[PDB]
$ cat entry37.csv   # CSV, C-alpha atoms and all ligand atoms
chain,number,residue,atom,x,y,z
A,459,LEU,CA,13.6,-19.3,-11.5
A,460,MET,CA,13.0,-15.5,-12.1
A,461,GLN,CA,14.3,-13.7,-8.9
A,462,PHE,CA,13.6,-10.0,-8.5
A,463,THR,CA,16.8,-8.1,-7.6
A,464,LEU,CA,17.5,-4.4,-6.8
A,465,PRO,CA,20.5,-2.2,-7.3
A,466,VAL,CA,23.1,-2.6,-4.5
A,467,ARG,CA,22.1,0.5,-2.4
A,468,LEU,CA,18.4,-0.6,-2.4
A,469,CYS,CA,19.3,-4.3,-1.9
A,470,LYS,CA,21.1,-3.3,1.4
A,471,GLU,CA,18.9,-0.4,2.6
A,472,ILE,CA,15.4,-2.1,2.0
A,473,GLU,CA,16.3,-4.4,5.0
A,474,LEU,CA,16.4,-1.3,7.3
A,475,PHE,CA,13.3,0.1,9.0
A,476,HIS,CA,14.1,3.7,7.9
A,477,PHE,CA,14.3,2.9,4.1
A,478,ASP,CA,12.5,5.5,1.8
A,479,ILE,CA,11.2,3.8,-1.4
A,480,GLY,CA,12.3,6.8,-3.5
A,481,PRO,CA,10.6,9.0,-6.1
A,482,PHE,CA,10.6,6.5,-9.1
A,483,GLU,CA,6.9,5.3,-9.1
A,484,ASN,CA,7.8,2.6,-11.7
A,485,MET,CA,10.2,0.9,-9.3
A,486,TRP,CA,7.5,0.5,-6.5
A,487,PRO,CA,5.8,-2.7,-7.9
A,488,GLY,CA,9.2,-4.4,-8.2
A,489,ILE,CA,10.2,-3.3,-4.7
A,490,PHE,CA,6.9,-4.9,-3.4
A,491,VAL,CA,7.4,-8.2,-5.3
A,492,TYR,CA,11.0,-8.3,-4.0
A,493,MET,CA,9.6,-8.0,-0.5
A,494,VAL,CA,6.9,-10.7,-1.0
A,495,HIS,CA,9.5,-13.0,-2.5
A,496,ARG,CA,11.9,-12.7,0.6
A,497,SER,CA,9.3,-12.4,3.4
A,498,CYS,CA,6.9,-15.1,2.0
A,499,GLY,CA,8.8,-17.0,-0.8
A,500,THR,CA,8.9,-17.2,-4.6
A,501,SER,CA,6.2,-20.0,-4.2
A,502,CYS,CA,3.6,-17.8,-2.2
A,503,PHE,CA,1.9,-16.2,-5.3
A,504,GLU,CA,1.8,-16.9,-9.1
A,505,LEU,CA,3.9,-14.0,-10.5
A,506,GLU,CA,1.5,-13.1,-13.4
A,507,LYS,CA,-1.6,-13.0,-11.0
A,508,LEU,CA,0.5,-11.0,-8.3
A,509,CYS,CA,1.6,-8.4,-10.9
A,510,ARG,CA,-2.0,-8.1,-12.2
A,511,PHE,CA,-3.3,-7.6,-8.6
A,512,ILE,CA,-0.5,-5.0,-7.8
A,513,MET,CA,-1.4,-2.9,-10.9
A,514,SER,CA,-5.2,-3.0,-10.2
A,515,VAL,CA,-4.5,-2.0,-6.5
A,516,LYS,CA,-2.3,0.9,-7.8
A,517,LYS,CA,-5.1,2.0,-10.3
A,518,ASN,CA,-7.6,2.2,-7.3
A,519,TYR,CA,-5.4,4.6,-5.2
A,520,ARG,CA,-6.2,8.3,-6.0
A,521,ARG,CA,-3.8,11.2,-6.8
A,522,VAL,CA,-4.1,12.7,-3.3
A,523,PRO,CA,-1.2,14.3,-1.4
A,524,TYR,CA,-0.6,11.7,1.4
A,525,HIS,CA,-3.1,8.7,1.2
A,526,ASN,CA,-1.8,7.6,-2.2
A,527,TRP,CA,0.0,4.6,-3.8
A,528,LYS,CA,3.4,5.7,-2.3
A,529,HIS,CA,1.9,5.5,1.2
A,530,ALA,CA,0.6,2.0,0.5
A,531,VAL,CA,4.0,0.7,-0.6
A,532,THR,CA,5.7,2.6,2.3
A,533,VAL,CA,3.4,0.9,4.9
A,534,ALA,CA,4.0,-2.5,3.2
A,535,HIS,CA,7.8,-1.9,3.5
A,536,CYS,CA,7.6,-1.2,7.2
A,537,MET,CA,5.6,-4.5,7.6
A,538,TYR,CA,8.3,-6.3,5.6
A,539,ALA,CA,11.0,-5.0,8.0
A,540,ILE,CA,9.0,-6.2,11.0
A,541,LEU,CA,8.4,-9.6,9.5
A,542,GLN,CA,12.0,-10.0,8.4
A,543,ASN,CA,13.3,-9.1,12.0
A,544,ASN,CA,10.8,-11.6,13.7
A,545,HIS,CA,11.2,-14.5,11.2
A,546,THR,CA,9.9,-17.4,13.4
A,547,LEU,CA,6.9,-15.6,15.1
A,548,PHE,CA,4.5,-15.5,12.2
A,549,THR,CA,2.4,-18.2,10.4
A,550,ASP,CA,2.6,-18.8,6.6
A,551,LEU,CA,-0.9,-17.2,6.1
A,552,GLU,CA,0.1,-14.1,8.2
A,553,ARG,CA,3.2,-13.5,6.1
A,554,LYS,CA,0.9,-13.8,2.9
A,555,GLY,CA,-1.9,-11.7,4.4
A,556,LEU,CA,-0.1,-8.8,6.1
A,557,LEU,CA,1.9,-7.4,3.1
A,558,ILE,CA,-1.3,-7.6,1.0
A,559,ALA,CA,-3.3,-5.9,3.8
A,560,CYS,CA,-0.7,-3.1,4.0
A,561,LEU,CA,-0.7,-2.6,0.2
A,562,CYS,CA,-4.6,-2.5,0.3
A,563,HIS,CA,-5.1,-0.7,3.6
A,564,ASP,CA,-6.1,2.8,2.2
A,565,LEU,CA,-7.6,1.7,-1.3
A,566,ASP,CA,-9.8,4.4,-2.8
A,567,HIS,CA,-9.0,7.0,0.0
A,568,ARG,CA,-10.3,10.5,-1.0
A,569,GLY,CA,-8.0,12.4,1.5
A,570,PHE,CA,-10.9,12.9,4.0
A,571,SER,CA,-11.4,11.6,7.6
A,572,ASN,CA,-14.2,9.3,8.8
A,573,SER,CA,-15.4,12.5,10.8
A,574,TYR,CA,-15.7,14.6,7.5
A,575,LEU,CA,-17.7,11.8,5.7
A,576,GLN,CA,-20.2,11.8,8.8
A,577,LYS,CA,-20.6,15.6,8.7
A,578,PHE,CA,-20.9,15.7,4.9
A,579,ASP,CA,-23.4,12.8,5.1
A,580,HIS,CA,-21.5,10.7,2.5
A,581,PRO,CA,-23.3,7.5,1.4
A,582,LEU,CA,-20.4,5.4,2.9
A,583,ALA,CA,-21.2,6.8,6.4
A,584,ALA,CA,-24.7,5.2,6.1
A,585,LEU,CA,-23.3,1.9,4.8
A,586,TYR,CA,-20.5,1.8,7.5
A,587,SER,CA,-21.4,3.6,10.7
A,588,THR,CA,-17.9,3.1,12.3
A,589,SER,CA,-14.4,2.7,10.8
A,590,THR,CA,-16.1,4.1,7.7
A,591,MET,CA,-13.1,4.4,5.3
A,592,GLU,CA,-11.5,1.2,6.7
A,593,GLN,CA,-14.6,-0.9,5.9
A,594,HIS,CA,-14.5,0.6,2.4
A,595,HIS,CA,-10.8,-0.2,1.9
A,596,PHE,CA,-11.5,-3.9,2.8
A,597,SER,CA,-14.5,-3.8,0.4
A,598,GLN,CA,-12.3,-2.5,-2.4
A,599,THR,CA,-9.7,-5.3,-1.6
A,600,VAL,CA,-12.3,-8.1,-1.9
A,601,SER,CA,-13.5,-6.5,-5.3
A,602,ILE,CA,-10.0,-6.6,-6.7
A,603,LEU,CA,-9.4,-10.2,-5.4
A,604,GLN,CA,-12.6,-11.2,-7.3
A,605,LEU,CA,-11.6,-9.7,-10.8
A,606,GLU,CA,-10.8,-12.3,-13.5
A,607,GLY,CA,-7.1,-13.4,-13.1
A,608,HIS,CA,-6.6,-11.5,-9.8
A,609,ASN,CA,-7.1,-14.3,-7.2
A,610,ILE,CA,-3.6,-14.5,-5.8
A,611,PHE,CA,-4.9,-16.8,-3.0
A,612,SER,CA,-6.4,-19.5,-5.5
A,613,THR,CA,-4.1,-22.3,-4.1
A,614,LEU,CA,-5.4,-22.0,-0.5
A,615,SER,CA,-8.3,-24.3,0.7
A,616,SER,CA,-11.8,-22.8,1.4
A,617,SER,CA,-10.9,-22.5,5.1
A,618,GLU,CA,-7.3,-21.1,4.6
A,619,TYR,CA,-8.7,-18.5,2.1
A,620,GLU,CA,-11.3,-17.5,4.8
A,621,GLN,CA,-8.5,-17.3,7.4
A,622,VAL,CA,-6.3,-15.1,5.2
A,623,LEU,CA,-9.2,-12.7,4.3
A,624,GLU,CA,-10.0,-12.6,8.0
A,625,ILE,CA,-6.4,-11.6,8.8
A,626,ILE,CA,-6.6,-8.9,6.1
A,627,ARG,CA,-10.0,-7.6,7.3
A,628,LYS,CA,-8.9,-7.2,10.9
A,629,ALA,CA,-5.5,-5.7,9.9
A,630,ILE,CA,-7.2,-3.1,7.7
A,631,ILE,CA,-9.9,-2.3,10.3
A,632,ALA,CA,-7.1,-1.8,12.9
A,633,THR,CA,-5.6,1.1,10.8
A,634,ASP,CA,-8.6,3.2,12.1
A,635,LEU,CA,-6.5,5.3,14.6
A,636,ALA,CA,-9.8,5.7,16.8
A,637,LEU,CA,-9.4,1.9,17.6
A,638,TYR,CA,-5.6,2.1,18.3
A,639,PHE,CA,-5.8,3.8,21.8
A,640,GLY,CA,-7.9,1.0,23.4
A,641,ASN,CA,-6.0,-1.8,21.6
A,642,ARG,CA,-2.6,-0.4,22.9
A,643,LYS,CA,-4.0,-0.1,26.5
A,644,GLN,CA,-5.1,-3.7,26.5
A,645,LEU,CA,-1.8,-4.9,25.1
A,646,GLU,CA,0.1,-2.8,27.7
A,647,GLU,CA,-2.0,-4.4,30.6
A,648,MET,CA,-1.6,-8.0,29.1
A,649,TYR,CA,2.2,-7.6,28.7
A,650,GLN,CA,2.7,-6.0,32.3
A,651,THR,CA,0.5,-8.7,34.0
A,652,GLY,CA,2.3,-11.4,32.0
A,653,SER,CA,-1.1,-12.6,30.5
A,654,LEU,CA,0.0,-11.9,26.9
A,655,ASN,CA,-0.1,-15.3,25.0
A,656,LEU,CA,0.7,-15.5,21.2
A,657,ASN,CA,-1.0,-18.9,21.0
A,658,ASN,CA,-4.3,-17.0,21.9
A,659,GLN,CA,-5.8,-15.9,18.6
A,660,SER,CA,-7.5,-12.8,20.1
A,661,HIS,CA,-4.0,-11.8,21.5
A,662,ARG,CA,-2.4,-12.4,18.1
A,663,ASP,CA,-5.1,-10.2,16.5
A,664,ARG,CA,-4.3,-7.4,19.0
A,665,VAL,CA,-0.5,-7.6,18.2
A,666,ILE,CA,-1.2,-7.5,14.4
A,667,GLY,CA,-3.4,-4.5,15.0
A,668,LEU,CA,-0.6,-2.8,16.8
A,669,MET,CA,1.9,-3.7,13.9
A,670,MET,CA,-0.6,-2.1,11.4
A,671,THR,CA,-0.7,1.1,13.5
A,672,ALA,CA,3.1,1.1,13.6
A,673,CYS,CA,3.5,0.5,9.8
A,674,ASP,CA,0.7,3.1,9.1
A,675,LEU,CA,2.6,5.8,11.2
A,676,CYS,CA,6.1,4.8,9.9
A,677,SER,CA,6.7,8.4,8.4
A,678,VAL,CA,7.7,9.3,12.0
A,679,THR,CA,10.5,6.6,12.0
A,680,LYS,CA,12.3,7.9,8.9
A,681,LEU,CA,15.4,10.1,8.4
A,682,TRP,CA,14.3,13.7,9.5
A,683,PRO,CA,14.2,15.2,6.0
A,684,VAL,CA,11.8,12.4,4.9
A,685,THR,CA,9.7,12.9,8.1
A,686,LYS,CA,9.5,16.6,7.7
A,687,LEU,CA,8.7,16.6,3.9
A,688,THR,CA,6.0,13.8,4.5
A,689,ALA,CA,4.5,16.1,7.2
A,690,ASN,CA,3.8,18.7,4.3
A,691,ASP,CA,1.8,16.0,2.5
A,692,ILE,CA,-0.1,15.1,5.7
A,693,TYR,CA,-1.1,18.7,6.4
A,694,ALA,CA,-2.0,19.4,2.7
A,695,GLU,CA,-4.8,16.8,3.2
A,696,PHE,CA,-5.8,18.0,6.7
A,697,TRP,CA,-6.0,21.6,5.5
A,698,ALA,CA,-8.1,20.6,2.4
A,699,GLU,CA,-10.5,18.9,4.9
A,700,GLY,CA,-10.5,22.0,7.1
A,701,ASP,CA,-11.5,24.1,4.0
A,702,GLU,CA,-14.3,21.6,3.3
A,703,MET,CA,-15.4,21.8,7.0
A,704,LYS,CA,-15.6,25.7,6.6
A,705,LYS,CA,-17.8,25.1,3.5
A,706,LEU,CA,-20.2,23.0,5.6
A,707,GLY,CA,-20.3,26.0,8.1
A,708,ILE,CA,-18.1,24.2,10.7
A,709,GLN,CA,-14.9,25.6,12.4
A,710,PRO,CA,-12.4,22.7,11.9
A,711,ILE,CA,-10.0,21.7,14.7
A,712,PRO,CA,-6.7,23.5,14.6
A,713,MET,CA,-4.9,20.4,13.0
A,714,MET,CA,-7.1,21.0,9.9
A,715,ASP,CA,-7.1,24.8,9.9
A,716,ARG,CA,-4.4,26.3,7.5
A,717,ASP,CA,-4.9,29.6,9.4
A,718,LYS,CA,-3.2,27.9,12.4
A,719,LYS,CA,0.1,26.7,10.7
A,720,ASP,CA,2.0,28.3,13.7
A,721,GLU,CA,0.6,25.5,16.0
A,722,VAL,CA,2.0,22.6,13.9
A,723,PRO,CA,5.3,22.0,15.8
A,724,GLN,CA,3.4,21.7,19.2
A,725,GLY,CA,0.7,19.5,17.5
A,726,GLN,CA,3.5,17.2,16.3
A,727,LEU,CA,4.8,17.0,19.9
A,728,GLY,CA,1.4,16.0,21.2
A,729,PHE,CA,1.1,13.4,18.4
A,730,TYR,CA,4.6,11.9,19.1
A,731,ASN,CA,3.8,11.7,22.9
A,732,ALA,CA,0.1,10.6,22.7
A,733,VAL,CA,0.3,8.3,19.6
A,734,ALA,CA,3.6,7.4,18.0
A,735,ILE,CA,6.0,6.9,21.0
A,736,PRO,CA,3.4,4.8,23.0
A,737,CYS,CA,2.8,2.8,19.8
A,738,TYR,CA,6.5,1.9,19.2
A,739,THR,CA,7.2,1.4,23.0
A,740,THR,CA,4.5,-1.3,23.3
A,741,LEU,CA,5.6,-2.8,20.0
A,742,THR,CA,9.2,-3.0,21.2
A,743,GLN,CA,8.1,-4.7,24.5
A,744,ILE,CA,6.2,-7.4,22.5
A,745,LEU,CA,8.7,-7.7,19.6
A,746,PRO,CA,12.2,-6.6,20.8
A,747,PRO,CA,13.8,-6.5,17.3
A,748,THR,CA,11.4,-3.6,16.3
A,749,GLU,CA,13.4,-1.2,18.7
A,750,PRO,CA,15.0,0.7,15.8
A,751,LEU,CA,11.4,2.1,15.0
A,752,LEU,CA,11.2,3.5,18.6
A,753,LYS,CA,14.7,4.9,18.4
A,754,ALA,CA,14.0,6.7,15.1
A,755,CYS,CA,10.6,8.0,16.4
A,756,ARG,CA,12.4,9.5,19.5
A,757,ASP,CA,15.1,11.1,17.2
A,758,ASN,CA,12.2,12.8,15.2
A,759,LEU,CA,10.6,14.0,18.4
A,760,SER,CA,13.9,15.8,19.3
A,761,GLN,CA,13.9,17.4,15.8
A,762,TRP,CA,10.3,18.8,16.4
A,763,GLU,CA,11.6,20.0,19.8
A,764,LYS,CA,14.4,21.9,18.0
A,765,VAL,CA,11.8,23.4,15.5
A,766,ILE,CA,9.9,24.8,18.6
A,767,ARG,CA,13.2,26.1,20.2
A,768,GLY,CA,13.8,28.2,16.9
A,769,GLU,CA,17.0,26.0,16.2
A,770,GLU,CA,15.3,24.8,12.9
B,801,LIG,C1,2.9,12.6,11.5
B,801,LIG,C2,1.6,11.9,11.5
B,801,LIG,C3,1.2,10.7,11.1
B,801,LIG,CL1,2.4,9.5,10.6
B,801,LIG,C4,-0.1,10.2,11.0
B,801,LIG,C5,-1.1,11.0,11.4
B,801,LIG,CL2,-2.7,10.4,11.5
B,801,LIG,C6,-0.8,12.3,11.9
B,801,LIG,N1,-1.5,13.3,12.3
B,801,LIG,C7,-0.7,14.3,12.6
B,801,LIG,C8,-1.2,15.6,13.0
B,801,LIG,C9,-0.9,15.8,14.5
B,801,LIG,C10,-1.4,17.2,15.0
B,801,LIG,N2,-1.1,18.2,14.3
B,801,LIG,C11,-1.7,19.3,14.9
B,801,LIG,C12,-1.6,20.6,14.5
B,801,LIG,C13,-2.2,21.6,15.2
B,801,LIG,CL3,-2.1,23.2,14.5
B,801,LIG,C14,-2.9,21.4,16.3
B,801,LIG,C15,-3.0,20.0,16.8
B,801,LIG,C16,-2.4,19.0,16.1
B,801,LIG,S1,-2.4,17.3,16.4
B,801,LIG,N3,0.6,14.1,12.3
B,801,LIG,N4,0.5,12.8,11.8
B,802,MG,MG,-6.4,4.7,6.5
B,803,ZN,ZN,-2.7,4.5,5.9

$ encode --input "entry37.csv" --output "structure tokens" --more "lines below"
Ligand SMILES: Cc1c(Cl)cc(Cl)c2nc(CCc3nc4cc(Cl)ccc4s3)nn12
Ligand SMILES: [Mg+2]
Ligand SMILES: [Zn+2]
Amino acid sequence: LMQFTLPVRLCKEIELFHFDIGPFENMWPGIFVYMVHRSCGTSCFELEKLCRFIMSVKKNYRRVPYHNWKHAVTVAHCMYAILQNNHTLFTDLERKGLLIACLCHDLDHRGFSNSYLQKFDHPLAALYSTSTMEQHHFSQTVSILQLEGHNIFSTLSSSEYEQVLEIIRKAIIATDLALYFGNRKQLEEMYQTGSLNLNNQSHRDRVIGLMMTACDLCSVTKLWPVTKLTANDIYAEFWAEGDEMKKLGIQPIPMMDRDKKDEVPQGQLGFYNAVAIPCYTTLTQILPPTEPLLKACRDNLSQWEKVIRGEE
């Protein structure tokens, strides 16, 4: 009967979409367990195995500016908020699988894109020809699930276990933004022609893929100071990749070229209009209680519009 509790401010604000998990690394495991316990149940996982899993997941994130352990927990918290706001829509295995998938979705990221691994000719690019880093993240997740004392799913049947690992695999693969565009277009058509059916497994898969994009991008749904300071970590990676491209004798795209900092504000506008706003719009159409994500995203677009107008 060992409940996790949070100080009052965190207990109230963790329920909101725009919650920031804060700078105290040591509180992030407890924040995650708190979320598993309320979204899934105190009965979902054996506490000792869950803690051991969380700490090995953490040890397998690297000290990179953006694709780090803080990002993992942040993406899990956005999934927690979606799940808590859409209580009755998700199966017991989905609740179990999706927080784990979010915690694991960038395991062992090096701060480089799929594109950079292909141009560098990294061994992973020969092992996994598409969604290269995402196939790796899922491979690291199965490794950790198979360490002694780390099987958090040990009470599921063979077939339930296979179903949860299949939810996790698909959820992690869906965080490849290259796959997002086509997934969102199909969901838009299905919703607008009324063919969307949440009893159809291949439809559920698409909706979970869209949820994973929404959680992965959730920096654009925070309070503006969080959004703006997170953008600094995102560019610190992209600019390092740009430098590594210049070392291979390749002009990087402007997004990755630190010499073109001036173009960031306009680049953020394209990103909100082409990626983020379409993401949270379709999500809000399918799952109305996720509207606060769309509202926060549009508020951050206006802040980037002010940066261009020289008002910030
Ligand atoms: C906020 C955010 C999240 Cl949450 C996730 C991802 Cl993947 C992401 N990518 C970007 C970069 C968007 C872009 N910047 C630039 C900069 C220039 Cl000079 C030229 C073109 C572009 S296009 N922002 N971003
Ligand atoms: Mg990723
Ligand atoms: Zn991510």

$ closest_atom_pairs --input "entry37.csv" --of "chain A" --to "ligand MG 802 (chain B)" --cutoff "7 Å" --atoms "all atoms listed in the file" --output "tab-separated table"
residue	atom	partner	partner_atom	distance
A:563	CA	B:MG802	MG	6.3
A:564	CA	B:MG802	MG	4.7
A:591	CA	B:MG802	MG	6.8
A:592	CA	B:MG802	MG	6.2
A:633	CA	B:MG802	MG	5.7
A:634	CA	B:MG802	MG	6.2

$ residues_around --input "entry37.csv" --residues "range 546-560 of chain A" --least-positions-apart "6" --cutoff "7 Å" --atoms "only C-alpha atoms" --output "NGL selection string"
:A and (497-498 or 530 or 533-534 or 537-538 or 622 or 625-626 or 629-630)

$ residues_near_ligand --input "entry37.csv" --ligand "ligand LIG 801 (chain B)" --cutoff "6 Å" --atoms "all atoms listed in the file" --output "ChimeraX atom specification"
/A:675,677-678,689,712-713,718-719,721-722,725-726,729

$ write_last_selection --input "entry37.csv" --atoms "C-alpha atoms" --output "compact mmCIF listing (two decimals), in the frame of the given file"
# COMPACT_ATOMS: atom_id res chain seq x y z
CA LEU A 675 2.60 5.80 11.20
CA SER A 677 6.70 8.40 8.40
CA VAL A 678 7.70 9.30 12.00
CA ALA A 689 4.50 16.10 7.20
CA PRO A 712 -6.70 23.50 14.60
CA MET A 713 -4.90 20.40 13.00
CA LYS A 718 -3.20 27.90 12.40
CA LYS A 719 0.10 26.70 10.70
CA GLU A 721 0.60 25.50 16.00
CA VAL A 722 2.00 22.60 13.90
CA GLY A 725 0.70 19.50 17.50
CA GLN A 726 3.50 17.20 16.30
CA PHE A 729 1.10 13.40 18.40

$ residues_near_point --input "entry37.csv" --point "(9.5, 11.2, 18.9)" --cutoff "8 Å" --atoms "only C-alpha atoms" --output "number ranges by chain"
A: 678, 727, 730-731, 734-735, 752, 754-760

$ closest_residue --input "entry37.csv" --among "A:479, A:600, A:531, A:489" --to "residue 519 in chain A" --atoms "only C-alpha atoms"
A:531

$ closest_residue --input "entry37.csv" --among "A:586, A:762, A:524, A:492" --to "ligand ZN 803 (chain B)" --atoms "only C-alpha atoms and all ligand atoms"
A:524

$ residues_around --input "entry37.csv" --residues "residue 742 in chain A" --least-positions-apart "5" --cutoff "12 Å" --atoms "only C-alpha atoms" --output "VMD selection string"
chain A and resid 540 543 to 544 645 to 646 649 665 668 to 669 672 735 to 737 747 to 753

$ atom_distance --input "entry37.csv" --atom1 "CA of residue 615 in chain A" --atom2 "CA of residue 487 in chain A"
27.2 Å

$ closest_residue --input "entry37.csv" --among "A:471, A:483, A:504, A:566" --to "ligand ZN 803 (chain B)" --atoms "only C-alpha atoms and all ligand atoms"
A:566

$ closest_residue --input "entry37.csv" --among "A:536, A:763, A:716, A:518" --to "residue 728 in chain A" --atoms "only C-alpha atoms"
A:763

$ closest_residue --input "entry37.csv" --among "A:744, A:636, A:732, A:670" --to "ligand ZN 803 (chain B)" --atoms "all atoms listed in the file"
A:670

$ closest_residue --input "entry37.csv" --among "A:526, A:739, A:617, A:573" --to "residue 714 in chain A" --atoms "only C-alpha atoms"
A:573

$ atom_distance --input "entry37.csv" --atom1 "CA of residue 664 in chain A" --atom2 "CA of residue 628 in chain A"
9.3 Å

$ atom_distance --input "entry37.csv" --atom1 "CA of residue 599 in chain A" --atom2 "CA of residue 565 in chain A"
7.3 Å

$ residues_near_point --input "entry37.csv" --point "(10.4, 6.1, 4.8)" --cutoff "7 Å" --atoms "all atoms listed in the file" --output "VMD selection string"
chain A and resid 476 to 479 532 676 to 677 680 684

$ residues_around --input "entry37.csv" --residues "residue 706 in chain A" --least-positions-apart "5" --cutoff "9 Å" --atoms "all atoms listed in the file" --output "list in words"
residues 577, 578 and 701 of chain A

$ write_last_selection --input "entry37.csv" --atoms "C-alpha atoms" --output "short mmCIF file (atom, residue, chain, number, x, y, z; two decimals), in the frame of the given file"
data_model
loop_
_atom_site.label_atom_id
_atom_site.label_comp_id
_atom_site.auth_asym_id
_atom_site.auth_seq_id
_atom_site.Cartn_x
_atom_site.Cartn_y
_atom_site.Cartn_z
CA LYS A 577 -20.60 15.60 8.70
CA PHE A 578 -20.90 15.70 4.90
CA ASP A 701 -11.50 24.10 4.00
#

$ build_atoms --input "entry37.csv" --residues "range 508-519 of chain A" --atoms "N, CA and C atoms" --output "PDB file, in the frame of the given file"
ATOM      1  N   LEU A 508       0.015 -12.003  -9.344  1.00  0.00           N
ATOM      2  CA  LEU A 508       0.500 -11.000  -8.300  1.00  0.00           C
ATOM      3  C   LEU A 508       0.678  -9.648  -9.030  1.00  0.00           C
ATOM      4  N   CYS A 509       1.331  -9.629 -10.189  1.00  0.00           N
ATOM      5  CA  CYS A 509       1.600  -8.400 -10.900  1.00  0.00           C
ATOM      6  C   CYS A 509       0.241  -7.758 -11.328  1.00  0.00           C
ATOM      7  N   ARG A 510      -0.716  -8.579 -11.771  1.00  0.00           N
ATOM      8  CA  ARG A 510      -2.000  -8.100 -12.200  1.00  0.00           C
ATOM      9  C   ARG A 510      -2.753  -7.488 -10.974  1.00  0.00           C
ATOM     10  N   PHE A 511      -2.660  -8.141  -9.835  1.00  0.00           N
ATOM     11  CA  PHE A 511      -3.300  -7.600  -8.600  1.00  0.00           C
ATOM     12  C   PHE A 511      -2.647  -6.275  -8.196  1.00  0.00           C
ATOM     13  N   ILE A 512      -1.315  -6.205  -8.154  1.00  0.00           N
ATOM     14  CA  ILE A 512      -0.500  -5.000  -7.800  1.00  0.00           C
ATOM     15  C   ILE A 512      -0.980  -3.790  -8.648  1.00  0.00           C
ATOM     16  N   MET A 513      -1.054  -3.978  -9.959  1.00  0.00           N
ATOM     17  CA  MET A 513      -1.400  -2.900 -10.900  1.00  0.00           C
ATOM     18  C   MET A 513      -2.880  -2.479 -10.771  1.00  0.00           C
ATOM     19  N   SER A 514      -3.813  -3.376 -10.437  1.00  0.00           N
ATOM     20  CA  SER A 514      -5.200  -3.000 -10.200  1.00  0.00           C
ATOM     21  C   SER A 514      -5.279  -2.281  -8.792  1.00  0.00           C
ATOM     22  N   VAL A 515      -4.501  -2.742  -7.831  1.00  0.00           N
ATOM     23  CA  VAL A 515      -4.500  -2.000  -6.500  1.00  0.00           C
ATOM     24  C   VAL A 515      -3.977  -0.590  -6.815  1.00  0.00           C
ATOM     25  N   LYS A 516      -2.878  -0.440  -7.532  1.00  0.00           N
ATOM     26  CA  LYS A 516      -2.300   0.900  -7.800  1.00  0.00           C
ATOM     27  C   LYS A 516      -3.411   1.787  -8.502  1.00  0.00           C
ATOM     28  N   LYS A 517      -4.055   1.279  -9.535  1.00  0.00           N
ATOM     29  CA  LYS A 517      -5.100   2.000 -10.300  1.00  0.00           C
ATOM     30  C   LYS A 517      -6.219   2.448  -9.336  1.00  0.00           C
ATOM     31  N   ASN A 518      -6.449   1.764  -8.213  1.00  0.00           N
ATOM     32  CA  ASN A 518      -7.600   2.200  -7.300  1.00  0.00           C
ATOM     33  C   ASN A 518      -7.104   3.044  -6.121  1.00  0.00           C
ATOM     34  N   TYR A 519      -5.844   3.464  -6.075  1.00  0.00           N
ATOM     35  CA  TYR A 519      -5.400   4.600  -5.200  1.00  0.00           C
ATOM     36  C   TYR A 519      -5.589   5.902  -6.010  1.00  0.00           C
TER      37      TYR A 519
END
